[PDB]
């Protein structure tokens, strides 16, 4: 019905109007489409930031460093975001993007096991360096938007090298919206200790019929933008292409 010229124009506009630069890669079956107002970002490397939480969770549960019911006690230190100053499960930590909890998990896994697991899964550039607790925030781990949607495709279809149980455990943590009768599973990332800042929203749509449509939005965050513009742009784009 609508031409691809209009889809492309509309999706470019969503990025234009938020005063950023970025892309969203969508995958339908085995076919990858690139949209936004900066198409050349697609194969450039950025730190994954809290998008890593997904894999971190996978590794931790697979290797029995945590339980889905386990309560990570707040240590009582002042937290940069007060929504973090509480006890939570990996699940609650996923929604809140509670880095302290994910750092605990990283420490439990340990640098050695972390390095092996990330080679094994072949995630991004696969280098995690020497600091087990911040590699996903400031480097040297980097990944492309194309890689991210492929990782999201793997996970949506349970193709990652981990028990099915582990995958389902981690996926249940990822539900962020129900729209129309479709479900949006995804994780945000905001890389604040890199210059310029990067923003991510990776996951998939599970439609009523059962098909799964993976996506990765990636754009530059600039000082004093709201994090939800990542969501908003993603939603409009999925809706423009009638994926929701």
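Residue numbers count along the first chain shown, from 1.
Between 78-86 and 141-149, the higher mean Cα B-factor belongs to 78-86. Within the listed group 95, 101, 111, 71, the record reports its top CA B-factor for 111.
Residue 210: CA B factor lies in the highest third for its chain, per the PDB record. Annotation for residue 29: C-alpha temperature factor in the middle third relative to the rest of the modelled chain, per the entry. Looking at the C-alpha B-factors along this chain, the one for residue 183 belongs to the highest third. In the deposited entry, the Cα temperature factor of residue 170 sits in the middle third of values across the chain's modelled residues.
Per the deposited record, the Cα B-factor of residue 106 falls in the lowest third when ranked against the other modelled residues of its chain.
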